Amino acid sequence: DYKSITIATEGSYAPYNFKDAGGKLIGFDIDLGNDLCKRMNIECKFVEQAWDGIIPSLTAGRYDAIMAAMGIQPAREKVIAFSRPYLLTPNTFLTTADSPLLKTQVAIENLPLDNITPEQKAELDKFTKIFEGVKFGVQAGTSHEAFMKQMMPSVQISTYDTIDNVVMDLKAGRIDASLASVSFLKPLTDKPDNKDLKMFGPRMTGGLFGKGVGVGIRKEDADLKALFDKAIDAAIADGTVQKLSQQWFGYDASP
Ligand SMILES: C[C@@H](N[C@@H](CCCNC(=N)N)C(=O)O)C(=O)O
Numbered sequence: 027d028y029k030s031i032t033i034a035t036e037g038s039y040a041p042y043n044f045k046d047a048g049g050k051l052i053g054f055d056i057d058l059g060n061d062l063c064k065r066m067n068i069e070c071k072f073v074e075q076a077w078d079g080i081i082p083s084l085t086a087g088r089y090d091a092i093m094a095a096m097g098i099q100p101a102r103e104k105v106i107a108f109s110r111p112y113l114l115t116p117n118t119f120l121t122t123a124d125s126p127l128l129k130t131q132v133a134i135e136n137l138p139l140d141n142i143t144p145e146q147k148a149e150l151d152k153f154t155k156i157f158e159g160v161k162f163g164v165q166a167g168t169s170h171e172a173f174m175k176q177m178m179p180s181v182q183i184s185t186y187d188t189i190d191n192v193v194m195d196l197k198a199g200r201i202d203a204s205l206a207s208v209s210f211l212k213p214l215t216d217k218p219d220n221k222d223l224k225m226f227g228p229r230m231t232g233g234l235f236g237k238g239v240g241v242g243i244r245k246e247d248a249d250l251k252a253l254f255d256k257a258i259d260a261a262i263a264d265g266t267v268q269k270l271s272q273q274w275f276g277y278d279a280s281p
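Going by PDB author numbering, the letters in the sequence shown line up with residues 27 to 281, in that order.
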């Protein structure tokens with residue numbers, strides 16, 4: 027059935043998918059994608075696609091799959107299908123190294139959002155109250171924007187086309203804080219370039235954040251999903267995902 031597939035990626039989300047000095051698409055998603063396709067015995071072709079319109083371009087048949095740090099989110103599951111997750115990561119807050127937000131006590135380090143108890147709601151509510159007067163910046167069309175608008179609506183938020191513009195505005199002092207996964211924030215804050223940026227708050231999973239990072243596939247492409255699932259299961263089992271995770275993120279984020 028399948029001989030060759032076209033995989034779309036954004037190219038603005040390091041270390042998942044970004045551009046090298048020669049403008050070539052590189053990253054965890056590119057390496058994993060190529061490895062998965064070798065296992066599936068199909069030719070792999072990566073294409074650049076802006077995050078805004080990545081989902082409708084898949085459904086319109088511009089390409090066959092999405093590998094762009096995309097979380098398996100319930101709102102996304104309404105429109106497209108996903109492979110089983112190839113990476114699992116919590117989500118946390120970002121600010122500057124001199125921010126008093128860093129002095130905030132974290133009562134729940136690992137906060138699941140699937141069935142929010144009064145205790146867990148009290149923790150979210152504390153941060154919402156601390157975030158009053160704090161300017162947030164997030165990338166548009168993310169689980170982070172959904173979380174902020176639904177869980178912390180009283181918080182002032184600005185949405186950006188790319189995560190690079192968020193980071194730029196945070197370093198420039200135009201925004202006070204952000205929200206993204208640990209898989210994005212840890213390699214960012216590990217860089218000596220960004221020793222003036224720090225992660226803080228609970229490490230949140232589930233709810234609006236979804237079930238992990240997966241390959242976006244059209245709902246009617248059941249055979250392609252089944253092929254990706256087989257390949258992902260094997261890449262996890264043999265330690266390939268762990269290897270690529272350590273190589274790109276500096277830690278093991280494999281399921
Ligand atoms: C793993 C990644 N997932 C987010 C952000 C994805 C942004 N991807 C991109 N710009 N290519 C989401 O699915 O909404 C994150 O939380 O950090």
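Beta carbons are placed, not taken as given, at the ideal position from N, Cα and C, and that holds for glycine.
Check	Outcome
With 16 other Cβ atoms within 10 Å as the buried cut-off, status of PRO218	exposed
CB-CB length for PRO100 against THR231, believed under 8 Å	The Cβ separation is near 14 Å, so there is no contact.
Within 9 Å, strictly: CB atoms of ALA206 and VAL192	yes
Presumed contact (8 Å Cβ cut-off) between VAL239 and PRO111, rounded CB distance	6 Å
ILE183 - containing alpha helix (DSSP H), residue span	Per DSSP, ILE183 belongs to no alpha helix (DSSP H); it is in the beta strand (DSSP E), 183-186.
Test item: CB-CB of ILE92 and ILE81 under 9 Å	yes
Short Cβ contact (9 Å threshold) for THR130 with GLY227	yes
Three CB pairs or more closer than 8 Å across the region 147-159 and the region 261-278	no
Opposing strand residues paired with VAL239 [DSSP bridges]	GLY97, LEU113
Pick from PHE119, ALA95, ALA123, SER83 that is closest to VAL105, judged by C-alpha positions	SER83
Contacts around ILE156, its chain only, beta-carbon distance under 8 Å, and the 5 residues preceding and following it disregarded	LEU127, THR130
Inter-residue CB distance, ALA261 and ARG65 (contact presumed, cutoff 8 Å)	7 Å
Residue interval of the beta strand (DSSP E) (run including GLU36)	Taken as a continuous stretch (DSSP letters only), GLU36 belongs to no beta strand (DSSP E), as it is neither H nor E.
Between the CA atoms of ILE33 and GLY199 - distance to the nearest angstrom	36 Å
Candidates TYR39, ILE142, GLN268: closest to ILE52 by CA position	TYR39
Inter-residue Cα distance where the pair is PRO144 and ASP195	35 Å
Straight-line gap, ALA203 to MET174 (C-alpha atoms, nearest Å)	12 Å
Any non-hydrogen atom of ligand 1 within 8 Å of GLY276 CB	no
Closer than 8 Å: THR32 CB and nearest ligand 1 heavy atom	no
Reduced DSSP secondary structure (H/G/I, E/B, other) of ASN191	helix
Supposed contact pair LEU211 and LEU120 - C-beta distance, whole angstroms, cut 8 Å	6 Å
Alpha-carbon to alpha-carbon, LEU234 and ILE142	12 Å
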